[PDB]
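According to PDB author numbering, the stretch in the sequence shown is residues 88 to 276, 288 to 350, 355 to 419, 428 to 451, in order.
One structure is given below, encoded as structure tokens.
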Amino acid sequence: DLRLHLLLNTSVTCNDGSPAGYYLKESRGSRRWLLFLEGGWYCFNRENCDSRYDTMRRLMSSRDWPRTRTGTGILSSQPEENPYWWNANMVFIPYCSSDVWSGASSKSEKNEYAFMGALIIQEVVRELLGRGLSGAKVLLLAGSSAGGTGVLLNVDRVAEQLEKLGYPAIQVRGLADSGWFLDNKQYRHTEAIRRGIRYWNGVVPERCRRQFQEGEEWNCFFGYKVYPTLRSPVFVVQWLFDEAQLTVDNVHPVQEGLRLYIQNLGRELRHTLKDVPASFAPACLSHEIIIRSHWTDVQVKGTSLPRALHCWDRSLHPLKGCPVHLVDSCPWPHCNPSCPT
Ligand SMILES: Cc1ccccc1CNc1nnnn1C
Ligand SMILES: *[C@@H]1O[C@H](CO)[C@@H](O)[C@H](O)[C@H]1NC(C)=O
Numbered sequence: 088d089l090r091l092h093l094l095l096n097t098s099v100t101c102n103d104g105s106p107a108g109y110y111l112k113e114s115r116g117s118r119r120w121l122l123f124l125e126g127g128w129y130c131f132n133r134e135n136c137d138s139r140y141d142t143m144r145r146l147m148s149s150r151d152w153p154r155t156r157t158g159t160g161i162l163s164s165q166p167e168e169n170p171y172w173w174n175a176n177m178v179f180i181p182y183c184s185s186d187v188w189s190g191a192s193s194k195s196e197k198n199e200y201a202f203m204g205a206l207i208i209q210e211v212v213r214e215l216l217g218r219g220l221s222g223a224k225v226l227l228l229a230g231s232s233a234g235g236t237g238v239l240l241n242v243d244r245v246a247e248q249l250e251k252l253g254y255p256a257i258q259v260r261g262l263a264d265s266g267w268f269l270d271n272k273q274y275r276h288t289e290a291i292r293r294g295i296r297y298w299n300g301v302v303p304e305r306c307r308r309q310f311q312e313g314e315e316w317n318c319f320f321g322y323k324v325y326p327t328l329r330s331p332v333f334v335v336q337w338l339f340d341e342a343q344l345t346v347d348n349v350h355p356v357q358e359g360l361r362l363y364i365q366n367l368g369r370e371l372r373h374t375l376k377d378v379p380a381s382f383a384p385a386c387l388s389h390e391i392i393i394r395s396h397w398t399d400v401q402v403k404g405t406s407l408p409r410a411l412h413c414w415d416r417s418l419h428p429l430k431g432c433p434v435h436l437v438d439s440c441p442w443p444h445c446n447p448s449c450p451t
């Protein structure tokens, strides 16, 4: 089990002003550290956030969090469940800021809620340095869904933070799962993100900010636009037919118009990954994520995700029999036989 620690700096808070925190399981024989960002959509105005506080309160507050959590999938310490990093130091950072991990705004007399996702990540890193992170060789910042987009928005800031604090030997890398979205046309008929950024005082990576300029920071929430601006190594996991993408696209006996729409979506996603050398993109319709216990089962071209991640580790020391760029080319959901059932 991973044990809860509420942040010692209690001014770094969840939406309702309660302290943020992290769950930790140490592995003293390892210099690898995995910091995982939870997902769960976002909220973008007072009324929408009030609704989320009524029925999704754990995503807005630490008041009811349990003392422990079980590590699963890539967070499991069992070699059979996690062939990749079973012996690593494990950290799960709960998502309680509703801001895609981008915010830097406290509660005040003018703000009902605090949006501190970017500050939560930096404070977790700072407090872990005194618990053994100072001796790390690799810090892998991973996350799923909104947490996968959070990786893209925060990995370079973590690298800069450790350099400025005096830890130049720690290699910072990112693993973005299910957070690579397209700003495409809906099947049946970006603004919420634009409103959200203003509501949150949201921040984006500096090189991406300088390309798109004032008012256009929303562009940096889209993987294919922010990824080329990043300096840290980043591995991208993305289903070609992601269920969250299809939900925003208003897709739910398929006739020609919808067949062409779905085929074009897969082709567009595959195109955006052509120049991403570390990636795993199976041709599946799914909402499943990398902390599930059976994450080992899917394969692309005969290679599993735990294997591809191991090959990525070797590449950062091409490799015979150890590939890192794995994107399906078949054009319809479940044309890969290993897709989750
Ligand atoms: C970045 C993020 C994080 C969580 C939930 C949604 C989103 C962006 N929304 C969106 N826009 N076009 N497709 N999708 C899914
Ligand atoms: C706690 O965090 C806030 C926001 O990041 C910061 O202003 C403050 O200085 C921190 N306190 C300490 C003691 O570092």
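Beta carbons: idealized from backbone N, C-alpha and C, even for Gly.
Leaving out five residues before and five after residue i in sequence, what residues of the same chain have Cβ atoms less than 7 Å from its Cβ?
{"i": "residue 149", "result": "93, 101, 105, 106, 107, 108, 183"}
{"i": "residue 190", "result": "184, 202, 203, 204, 205, 298, 299, 300"}
{"i": "residue 172", "result": "119, 121, 161"}
{"i": "residue 341", "result": "387, 388, 389"}
{"i": "residue 291", "result": "316, 319"}
{"i": "residue 133", "result": "199"}
For residue i, which residues from the same chain have a beta carbon less than 8 Å from its beta carbon, with the 5 sequence-adjacent residues on both sides left out?
{"i": "residue 192", "result": "198, 201, 202, 203, 298, 299"}
{"i": "residue 394", "result": "159, 160"}
{"i": "residue 153", "result": "91"}
{"i": "residue 99", "result": "106, 107, 203, 206, 207, 210"}
{"i": "residue 441", "result": "365, 368, 369, 385"}
{"i": "residue 379", "result": "434, 435"}
{"i": "residue 168", "result": "159, 160, 395, 398"}
{"i": "residue 195", "result": "none"}
{"i": "residue 416", "result": "432"}
Using a 10 Å radius around the Cβ and a threshold of 16 neighbouring Cβ atoms, would you call residue i buried or exposed?
{"i": "residue 435", "result": "buried"}
{"i": "residue 404", "result": "exposed"}
{"i": "residue 409", "result": "buried"}
{"i": "residue 115", "result": "exposed"}
{"i": "residue 482", "result": "This structure gives no information on residue 482, because the portion of the chain shown stretches from 88 to 451."}
{"i": "residue 366", "result": "exposed"}
{"i": "residue 357", "result": "exposed"}
{"i": "residue 260", "result": "buried"}
{"i": "residue 321", "result": "buried"}
{"i": "residue 231", "result": "buried"}
{"i": "residue 315", "result": "buried"}
{"i": "residue 220", "result": "buried"}
{"i": "residue 176", "result": "buried"}
{"i": "residue 371", "result": "buried"}
What does the alpha-carbon distance come out to for the pair residue i and residue j?
{"i": "residue 111", "j": "residue 188", "result": "19 Å"}
{"i": "residue 272", "j": "residue 347", "result": "7 Å"}
{"i": "residue 308", "j": "residue 251", "result": "22 Å"}
{"i": "residue 118", "j": "residue 275", "result": "50 Å"}
{"i": "residue 247", "j": "residue 226", "result": "13 Å"}
{"i": "residue 445", "j": "residue 402", "result": "11 Å"}
{"i": "residue 387", "j": "residue 332", "result": "23 Å"}
{"i": "residue 317", "j": "residue 381", "result": "21 Å"}
{"i": "residue 215", "j": "residue 243", "result": "18 Å"}
{"i": "residue 361", "j": "residue 95", "result": "53 Å"}
{"i": "residue 147", "j": "residue 432", "result": "41 Å"}
{"i": "residue 329", "j": "residue 138", "result": "38 Å"}
{"i": "residue 269", "j": "residue 313", "result": "19 Å"}
{"i": "residue 452", "j": "residue 303", "result": "Nothing about residue 452 can be read from this structure; the chain reaches only from 88 to 451."}
{"i": "residue 164", "j": "residue 413", "result": "20 Å"}
{"i": "residue 289", "j": "residue 311", "result": "17 Å"}
{"i": "residue 166", "j": "residue 419", "result": "22 Å"}
{"i": "residue 253", "j": "residue 217", "result": "13 Å"}
{"i": "residue 430", "j": "residue 339", "result": "30 Å"}
{"i": "residue 345", "j": "residue 443", "result": "15 Å"}
Can you tell me which of the options puts its alpha carbon nearest to the alpha carbon of residue i?
{"i": "residue 155", "options": "215, 91, 213, 325", "result": "91"}
{"i": "residue 255", "options": "350, 262, 245, 306", "result": "245"}
{"i": "residue 364", "options": "343, 380, 379", "result": "343"}
{"i": "residue 186", "options": "415, 412, 131, 140", "result": "131"}
{"i": "residue 123", "options": "288, 151, 391", "result": "391"}
{"i": "residue 400", "options": "140, 359, 447", "result": "447"}
{"i": "residue 144", "options": "103, 350, 373, 377", "result": "103"}
Excluding the 5 residues flanking residue i on each side, which residues of the same chain have their C-beta closer than 6 Å to its C-beta?
{"i": "residue 223", "result": "118, 120, 257"}
{"i": "residue 305", "result": "327"}
{"i": "residue 125", "result": "181, 182, 234"}
{"i": "residue 335", "result": "264, 382"}
{"i": "residue 324", "result": "239, 306, 318"}
{"i": "residue 375", "result": "381, 383, 437"}
{"i": "residue 407", "result": "382"}
I believe residue i touches residue j by the beta-carbon criterion, under 8 Å. Please report the beta-carbon distance rounded to the nearest angstrom.
{"i": "residue 233", "j": "residue 128", "result": "6 Å"}
{"i": "residue 294", "j": "residue 238", "result": "Going by Cβ atoms, the distance from residue 294 to residue 238 rounds to 18 Å, so no, they are not a contact pair."}
{"i": "residue 249", "j": "residue 241", "result": "Rounded, the Cβ-Cβ distance is 13 Å, inconsistent with contact."}
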